[PDB]
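Enquirer: In the first instance, please consider these chains from the complex; the rest will follow:
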Amino acid sequence: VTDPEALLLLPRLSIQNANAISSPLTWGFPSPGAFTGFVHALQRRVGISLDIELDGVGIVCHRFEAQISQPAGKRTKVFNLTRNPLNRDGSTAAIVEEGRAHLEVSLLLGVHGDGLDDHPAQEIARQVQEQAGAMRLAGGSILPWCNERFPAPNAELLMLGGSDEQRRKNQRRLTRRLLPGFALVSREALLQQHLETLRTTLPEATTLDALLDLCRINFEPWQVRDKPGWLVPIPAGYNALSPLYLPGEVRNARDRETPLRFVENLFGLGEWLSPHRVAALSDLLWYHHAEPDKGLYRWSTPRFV
Amino acid sequence: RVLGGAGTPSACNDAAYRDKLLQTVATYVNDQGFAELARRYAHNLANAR
Amino acid sequence: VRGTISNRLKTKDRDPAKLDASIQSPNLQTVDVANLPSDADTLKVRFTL
Amino acid sequence: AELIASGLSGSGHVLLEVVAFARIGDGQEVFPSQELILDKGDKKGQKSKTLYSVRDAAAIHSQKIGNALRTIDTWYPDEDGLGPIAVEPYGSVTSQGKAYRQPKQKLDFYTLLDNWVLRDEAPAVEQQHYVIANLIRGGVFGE
């Protein structure tokens, strides 16, 4: 909601062994729920000793590879597993399947606090990076440096105090540091828009998302067409099955302080657009916003349109 | 490369069977070495099989 | 890789025609392998902790 | 050891870079890690062994390197003169096919942790090193 003044680039985050299932109906790149949980986990450890805030994340995703294998006679995939230790009788344990992938990621944060005028912003950049290099980005660890120990420091720059001409040179200087990536935004208006193509059939909604991430072909009145983006099904929050429980009610909870619901996933849509296609970089940022009483929990990116 | 340790398995399920196998191989080794095997491998190196 | 049938064959379905001739017949497999080059003798392994 | 201990306390910074050289021989076969692929290739034109590669390089999994680093346990009560094994609850070893440190011989992690937290029955110092090593290792426990 609150537009930040300065954006914080976390330039290279080579992370290993992230989760790659992310919902019961998708696989591949992890959910942006992991990224906004990561930035509020930065908020509870750094942002109070700097008296700043950090709300939104610019998910860029330079590289991607998944620990998958192509079997014989199939065009599908399976996942490469770990070998778990034995049971107490010496026999072998069962198999729970955890997909796994390596990533390389850039990040764009948003500051809102009095520490930006109480400090140099280099203090904010150094402290946020040196603490975030001891955390887990999606489900896996954040790696230290290598041959790539030259892009290690950050950058940070405001947008309100300054001229209004060479800020194009400034944000396209920023774009020189995230140039091979594909940003990930929320494009859920097209899920509305592809019901009118099915309005001749029914006003149903659950099979509309399963129409866009594939190759639909009819014959000549072969029918291939340019898909209008890199449009992919992402998960987009939780919807309540069960009423809110008082913090001593549910057996085997993580906490004895917070209240608990039983929820399940809701599915949206995204696109892997290059950052050139959007003018202002503050459009990309992902935010948590969810109303508590009726149980709809959701994350999206505002300011995209 | 000639490695050695040629009776100890690298993966097993039993421990009694592993000890029985290792003492069987030690029974083989401590009355005759690998010499009858080693000179036959040395024959197949010495000619150009 | 070309190979031989060298496993404990199953006499559960004891066939005097198939499991004795399949001992004679070969076994074709596809594996992975990693070698050093012919002009390298030292392996380097690097990680961080 | 003082540096790794001052990192395990939470006090100072620690980040190691480990490089190992191993003279083997010209053109010999090195052994990177093999990943478990359960039920691949129902066609018989299949691939039996599949090795693990990071980008254009042979590689070893991280959990195997960690398993190598936590071979600490010498104190297990079955037969201690056979070498250190990896730190485990119900302290076991998959190549051996056998679980040392069995709860009938009350020295596994659950028994000692409950006696040393809930009942204040302190075990010996050598079992306490095991109980703390399971906290450096980490785990997931329940009811």
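Expert: That came through, no problem. Numbers count the residues shown, from 1 in each chain, chains lettered A, B, ... in the order given.

Enquirer: show me the residues around residue A:135 that make contact.
Expert: Shown in contact with residue A:135 (CB atoms under 8 Å, 6 or more residues apart in numbering or on different chains): A:38, A:41, A:42, A:142. C-beta here means a position set from N, CA and C on the backbone, and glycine is covered the same way.

Enquirer: ok, now with 7 Å
Expert: A:38, A:41, A:142 (CB atoms under 7 Å, 6 or more residues apart in numbering or on different chains).

Enquirer: now those residues in CSV, with distance to chain D and neighbour count?
Expert: Listed next are the contacts of residue A:135 as CSV, based on distance: CB to the nearest CB, whole Å; neighbours: other CB atoms under 10 Å in any protein chain shown:
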residue, distance to chain D, neighbour count
A:38, 20, 20
A:41, 18, 14
A:142, 12, 17
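
Enquirer: What about residue B:22, how many residues nearby?
Expert: Neighbouring residues of residue B:22 were enumerated by other CB atoms under 10 Å in any protein chain shown; the total is 13.

Enquirer: The helix or strand that contains it close to chain D?
Expert: Assessed by DSSP states H and E, residue B:22 sits inside helix B:16-29. No - if you take CB under 7 Å from any CB of the partner chain as the test, helix B:16-29 misses chain D, and the best it gets is 7.7 Å.

Enquirer: Here is RNA strand E, add it in:
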RNA sequence: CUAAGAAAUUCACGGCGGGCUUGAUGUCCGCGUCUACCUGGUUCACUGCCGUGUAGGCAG
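Expert: One more chain to add, RNA strand E, which I have set with the ones above:
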């Protein structure tokens, strides 16, 4: 406070044998490059000249 928090895939291997690519051919044809001039670079900032020591007649 992140479908959070945890994990060893291990081991073995013979692809193998055989073989005629043949034959043919026109790259032809043409052309104005045109005018102009001062190294004693210092072919070593000095060769070789009565005392190897800081004053001198020489091929100047």
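
Enquirer: now that RNA strand E has been added, could you go back to the contacts of residue A:135?
Expert: So residue A:135 contacts A:38, A:41, A:142 (CB under 7 Å, 6+ apart).

Enquirer: rerun that using 8 Å as the cut-off
Expert: For residue A:135, the contacting residues are A:38, A:41, A:42, A:142, by CB under 8 Å, 6+ apart.

Enquirer: Kindly confirm my reading that the first one is in a helix.
Expert: The reference is to residue A:38. Yes - with DSSP: H, G, I helix; E, B strand; the rest coil as the criterion, residue A:38 is assigned to a helix.

Enquirer: ok, and the closest non-adjacent residue to it?
Expert: Closest residue to residue A:38 apart from its sequence neighbours, by CB to CB, 6 or more residues apart in numbering or on different chains: residue A:137 at 6.0 Å.

Enquirer: Quick check: the gap between the one you found and chain D.
Expert: From residue A:137 across to chain D, the span is 15 Å (CB to the nearest CB, to the nearest Å).

Enquirer: Can you tell me which of the contacts of residue A:135 end up in helices?
Expert: Under the assignment DSSP state H, the contacts of residue A:135 contribute A:38, A:41, A:42 to helices.

Enquirer: list the contacts for the last one?
Expert: Residues in contact with residue A:42 (CB under 8 Å, 6+ apart) are A:54, A:128, A:131, A:132, A:135.

Enquirer: can you add DNA strand F next? sequence is:
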DNA sequence: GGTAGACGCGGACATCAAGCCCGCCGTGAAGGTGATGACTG
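Expert: So that you can see how it sits with the rest, here is DNA strand F on the chains above:
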């Protein structure tokens, strides 16, 4: 240590016949749940 000012056209590009057989494709481990059954302190 001198500018000076230009680089061609047309036309054409081969036909024929043929493409192998045989055998074979590894094994081990990857189940939770009550319900007595044996133990029982």
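
Enquirer: again for the contacts of residue A:135, DNA strand F present now?
Expert: Taking CB under 8 Å, 6+ apart, we find residue A:135 in contact with A:38, A:41, A:42, A:142.

Enquirer: Where do the helices of the stretch 101-250 of chain A begin and end?
Expert: With helices called from DSSP state H, counting those that start in this stretch, the stretch 101-250 of chain A shows them at A:115-118, A:121-132, A:167-174, A:189-193.

Enquirer: Tell me which of those sits most buried.
Expert: Per residue and on average, the most neighbours among the helices of the stretch 101-250 of chain A fall to helix A:121-132, with a mean of 18 (mean count of other CB atoms under 10 Å in any protein chain shown).

Enquirer: now for that helix, which elements pack on it?
Expert: On a contact count with 3 or more CB pairs under 8 Å, 6 or more residues apart in numbering or on different chains; DSSP states H and E, helix A:121-132 meets strand A:6-19, helix A:32-43, helix A:115-118, strand A:155-158.

Enquirer: same thing but at 7 Å, please
Expert: Other elements packing on helix A:121-132 under the criterion 3 or more CB pairs under 7 Å, 6 or more residues apart in numbering or on different chains; DSSP states H and E are strand A:6-19, strand A:155-158.

Enquirer: Now do residue A:185 against chain B, distance only.
Expert: For residue A:185, the distance to chain B (CB to the nearest CB) stands at 50 Å.

Enquirer: Kind regards, and thank you for your time.
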